[PDB]
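*Asks:* Sharing a structure, written as structure tokens. Questions coming.
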Amino acid sequence: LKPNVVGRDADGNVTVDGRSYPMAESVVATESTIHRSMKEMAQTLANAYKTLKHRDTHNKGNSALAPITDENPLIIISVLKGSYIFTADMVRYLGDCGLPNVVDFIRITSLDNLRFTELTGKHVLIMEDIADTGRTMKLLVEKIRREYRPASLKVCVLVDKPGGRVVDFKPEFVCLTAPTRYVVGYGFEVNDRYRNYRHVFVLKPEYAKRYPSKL
Amino acid sequence: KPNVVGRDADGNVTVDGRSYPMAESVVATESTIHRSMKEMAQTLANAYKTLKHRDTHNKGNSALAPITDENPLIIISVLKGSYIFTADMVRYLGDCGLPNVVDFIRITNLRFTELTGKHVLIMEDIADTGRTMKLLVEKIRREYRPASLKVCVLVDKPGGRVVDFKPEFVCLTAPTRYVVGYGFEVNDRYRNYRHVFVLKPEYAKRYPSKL
Ligand SMILES: Nc1nc2c(ncn2C[C@@H](COCP(=O)(O)O)OC[C@@H](O)P(=O)(O)O)c(=O)[nH]1
Ligand SMILES: Nc1nc2c(ncn2C[C@@H](COCP(=O)(O)O)OC[C@@H](O)P(=O)(O)O)c(=O)[nH]1
């Protein structure tokens, strides 16, 4: 939550706190902005699920609905790969707000299904890093809904790019909004590069095909 | 940054006012964990910074290439218990200026194919008996043939060693007890906690239901 300083070096490259980022054209959101919006999002999510009830799978002898506890946590589906840093930070923030949850990962590239089998009648939250065309999440929502029929199925995204929509999809929860540009940093990649950066940047167009070689 | 560890009215372990009824005791608070990882990031950095390996960015070049954004350090992370640890770690690695990329493998899966002649580092949450990592190391070394293959762990429990395996890099050393928090869990519970706790034995079988 430390305040970040955005500037330019002598070469004219975008710098954040003295560190130069030659691949960046501009700054979408510094680390401070990102975590501030995730802390408030955690509180938003906590308020939305705190008093909710879903099917009891801890005790199968019970027929009544059960509140969200450690026995019957919120089911969080994290979308590999870009969402793993976003998810790691968020679940800890959710813990601060006292929201019981468990995470299973799925790998989608428009492939690697869930290990969880009890999603029926459960409150499920999908954690995706970014929504652009909306195709990835639209396909994922109807797939999860058809195969499991959860009590609820909402989507939380770190970054939303509404200007790039091609289908009818709206994330219930949105941490940040970005312009219709290719962004990098904090999960966002260019052939797995720049993923571990602490800020979200607009990528220079001349860096789009920087690393075409197979990893 | 430093965390206040105490006890509430019921004798339950508390960290920063928040009670943890499942905890027997605190292994390491968030501040300690993060301090260790920052130092480990520096250790890793100084160990790979000057290293050189196969250039796959430019296959036209036959000479070895330094670790750059073109040819990054290959990091293999093990789902699921190691993703939070890996998340924090790669960022500290970014601070220390070490280019790296991460692929995940689930064991209880690698999509990267070009590890040959590359420096590879495995990020694992815990090493106990050593069986999990000894098997993973041998599999990679014969099915990818890397230039180097070292393991970095968050928690080492050397009193649990029953096979021939010693991780090159260790953040925290713990006794032979079952721990929860910060990646470690019991049936996926308590994984999101910011600290590592010794679990009460009675809580070991608290969630027998399949997820
Ligand atoms: N780095 C980066 N990637 C983007 C961006 N916008 C879209 N992608 C692709 C994909 C990310 O996932 C990883 P990958 O598996 O695709 O490599 O997300 C697809 C959904 O946004 P969609 O368009 O709704 O389907 C962006 O601004 N930056
Ligand atoms: N929460 C927690 N988990 C632990 C602990 N000790 C070991 N594990 C997990 C174990 C495999 O667990 C299967 P999974 O559910 O994680 O997939 O991993 C041990 C291998 O590293 P080993 O060295 O070969 O024995 C511990 O103290 N606390």
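Quick note on naming: the chains in the structure tokens go A, B, ... in the order shown, residues restart at 1 in each chain, and ligands are numbered from 1 in order of appearance.
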Give the residues close to ligand 2, within 9 Å, counting only C-alpha atoms and all ligand atoms; write them as number ranges by chain.

*Replies:* B: 79-82, 106-108, 124-135, 155-157, 160-163, 165, 174-181, 183-188, 190-191, 198-199

*Asks:* Please list as number ranges by chain every residue within 6 Å of region 61-71 of chain A, counting only C-alpha atoms and excluding residues in the same chain fewer than 6 positions away.

*Replies:* A: 52-55, 100

*Asks:* Save the residues we just selected, N, CA, C and O atoms, as a PDB file, in the first residue's frame?

*Replies:*
ATOM      1  N   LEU A  52     -24.888 -15.892   3.327  1.00  0.00           N
ATOM      2  CA  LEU A  52     -25.483 -16.789   2.340  1.00  0.00           C
ATOM      3  C   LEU A  52     -25.457 -18.242   2.802  1.00  0.00           C
ATOM      4  O   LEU A  52     -24.627 -18.633   3.626  1.00  0.00           O
ATOM      5  N   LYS A  53     -26.377 -19.038   2.269  1.00  0.00           N
ATOM      6  CA  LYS A  53     -26.427 -20.460   2.581  1.00  0.00           C
ATOM      7  C   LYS A  53     -26.377 -21.300   1.311  1.00  0.00           C
ATOM      8  O   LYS A  53     -26.872 -20.889   0.260  1.00  0.00           O
ATOM      9  N   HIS A  54     -25.771 -22.476   1.414  1.00  0.00           N
ATOM     10  CA  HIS A  54     -25.720 -23.410   0.298  1.00  0.00           C
ATOM     11  C   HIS A  54     -25.726 -24.843   0.823  1.00  0.00           C
ATOM     12  O   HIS A  54     -25.811 -25.062   2.030  1.00  0.00           O
ATOM     13  N   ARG A  55     -25.647 -25.814  -0.082  1.00  0.00           N
ATOM     14  CA  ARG A  55     -25.799 -27.217   0.296  1.00  0.00           C
ATOM     15  C   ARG A  55     -24.699 -27.692   1.246  1.00  0.00           C
ATOM     16  O   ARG A  55     -23.521 -27.378   1.066  1.00  0.00           O
ATOM     17  N   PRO A 100     -14.619 -17.756   4.751  1.00  0.00           N
ATOM     18  CA  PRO A 100     -14.127 -19.117   4.518  1.00  0.00           C
ATOM     19  C   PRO A 100     -14.187 -19.478   3.039  1.00  0.00           C
ATOM     20  O   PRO A 100     -15.222 -19.279   2.404  1.00  0.00           O
TER      21      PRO A 100
END

*Asks:* Around ligand 1, at most 6 Å away and counting only C-alpha atoms and all ligand atoms, which residues are there? Put them as a PyMOL selection string, please.

*Replies:* chain A and resi 82+109+130-136+181-184+188-190

*Asks:* Excluding same-chain residues fewer than 2 positions from residue 210 (chain B), what lies within 12 Å of it counting only C-alpha atoms, as number ranges by chain?

*Replies:* A: 56-60, 71-72, 115-119; B: 186-188, 206-208

*Asks:* Where does DSSP see strand (DSSP E) in region 31-159 of chain B, if you list the residues as a PyMOL selection string?

*Replies:* chain B and resi 52-53+65-66+73-79+100-106+119-127+148-156

*Asks:* Could the residues in this selection be saved with C-alpha atoms as an mmCIF file, in the first residue's frame?

*Replies:*
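Okay, this is what ended up in again-v2.cif:
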data_model
loop_
_atom_site.group_PDB
_atom_site.id
_atom_site.type_symbol
_atom_site.label_atom_id
_atom_site.label_comp_id
_atom_site.auth_asym_id
_atom_site.auth_seq_id
_atom_site.Cartn_x
_atom_site.Cartn_y
_atom_site.Cartn_z
ATOM 1 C CA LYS B 52 24.438 -19.068 -18.549
ATOM 2 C CA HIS B 53 22.411 -21.680 -20.431
ATOM 3 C CA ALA B 65 23.255 -17.206 -23.254
ATOM 4 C CA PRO B 66 22.931 -15.387 -19.903
ATOM 5 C CA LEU B 73 15.231 -18.907 -15.368
ATOM 6 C CA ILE B 74 12.742 -21.757 -15.706
ATOM 7 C CA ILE B 75 10.653 -22.060 -12.558
ATOM 8 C CA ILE B 76 8.476 -25.103 -11.950
ATOM 9 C CA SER B 77 5.770 -24.680 -9.321
ATOM 10 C CA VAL B 78 3.758 -27.507 -7.799
ATOM 11 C CA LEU B 79 -0.002 -27.118 -7.457
ATOM 12 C CA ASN B 100 12.039 -15.911 -14.706
ATOM 13 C CA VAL B 101 8.998 -17.766 -16.011
ATOM 14 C CA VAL B 102 6.683 -20.122 -14.134
ATOM 15 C CA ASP B 103 4.899 -23.289 -15.222
ATOM 16 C CA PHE B 104 2.717 -25.407 -12.938
ATOM 17 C CA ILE B 105 2.604 -29.163 -12.425
ATOM 18 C CA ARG B 106 -0.024 -30.876 -10.280
ATOM 19 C CA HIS B 119 18.654 -23.808 -15.542
ATOM 20 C CA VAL B 120 15.503 -25.030 -13.818
ATOM 21 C CA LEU B 121 14.324 -24.251 -10.288
ATOM 22 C CA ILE B 122 11.505 -26.086 -8.524
ATOM 23 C CA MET B 123 9.314 -24.215 -6.048
ATOM 24 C CA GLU B 124 7.695 -26.486 -3.476
ATOM 25 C CA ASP B 125 5.795 -25.605 -0.298
ATOM 26 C CA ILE B 126 7.296 -28.309 1.907
ATOM 27 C CA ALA B 127 9.849 -31.110 2.029
ATOM 28 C CA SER B 148 20.863 -27.588 -13.687
ATOM 29 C CA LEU B 149 17.981 -28.630 -11.450
ATOM 30 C CA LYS B 150 17.736 -27.246 -7.923
ATOM 31 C CA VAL B 151 14.832 -27.165 -5.479
ATOM 32 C CA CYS B 152 13.638 -24.225 -3.405
ATOM 33 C CA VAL B 153 11.252 -24.914 -0.538
ATOM 34 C CA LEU B 154 9.331 -22.720 1.878
ATOM 35 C CA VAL B 155 9.333 -25.211 4.741
ATOM 36 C CA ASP B 156 11.878 -27.952 5.339
#

*Asks:* With 7 Å as the cut-off and only C-alpha atoms counted, what is the closest atom pair between each nearby residue of chain B and chain A? Distances in Å to one decimal, ordered by chain and number, as CSV.

*Replies:*
residue,atom,partner,partner_atom,distance
B:56,CA,A:213,CA,6.8
B:57,CA,A:213,CA,5.6
B:69,CA,A:193,CA,6.9
B:70,CA,A:211,CA,6.8
B:83,CA,A:84,CA,6.7
B:84,CA,A:88,CA,4.9
B:87,CA,A:85,CA,5.0
B:90,CA,A:196,CA,5.7
B:91,CA,A:196,CA,5.1
B:94,CA,A:196,CA,6.4
B:101,CA,A:192,CA,5.7
B:112,CA,A:215,CA,5.6
B:113,CA,A:215,CA,6.4
B:114,CA,A:215,CA,5.4
B:188,CA,A:102,CA,5.8
B:189,CA,A:102,CA,6.5
B:192,CA,A:92,CA,5.0
B:193,CA,A:92,CA,6.2
B:194,CA,A:92,CA,6.5
B:207,CA,A:71,CA,6.8
B:209,CA,A:58,CA,5.5
B:211,CA,A:116,CA,4.9

*Asks:* Counting only C-alpha atoms, which of B:115, B:41, B:172, B:93 gets nearest to residue 196 (chain B)?

*Replies:*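 Ranking B:115, B:41, B:172, B:93 by distance to residue 196 (chain B), first place goes to B:172.
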
*Asks:* Could you give me the residues within region 27-198 of chain A that DSSP places in alpha helix (DSSP H), as a PyMOL selection string?

*Replies:* chain A and resi 31-49+83-96+135-148

*Asks:* As an exercise, work out the distance from CA of residue 76 (chain A) to CA of residue 108 (chain A) in Å and give it to one decimal place.

*Replies:*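 A separation of 15.5 Å between them.
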
*Asks:* Please indicate the distance in Å from CA of residue 10 (chain A) to CA of residue 32 (chain A), rounded to one decimal place.

*Replies:*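 According to the coordinates, CA of residue 10 (chain A) and CA of residue 32 (chain A) are separated by 24.7 Å.
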
*Asks:* Record the distance separating CA of residue 8 (chain B) and CA of residue 45 (chain A), expressed in Å with one decimal.

*Replies:*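 For CA of residue 8 (chain B) relative to CA of residue 45 (chain A), the distance reads 28.0 Å.
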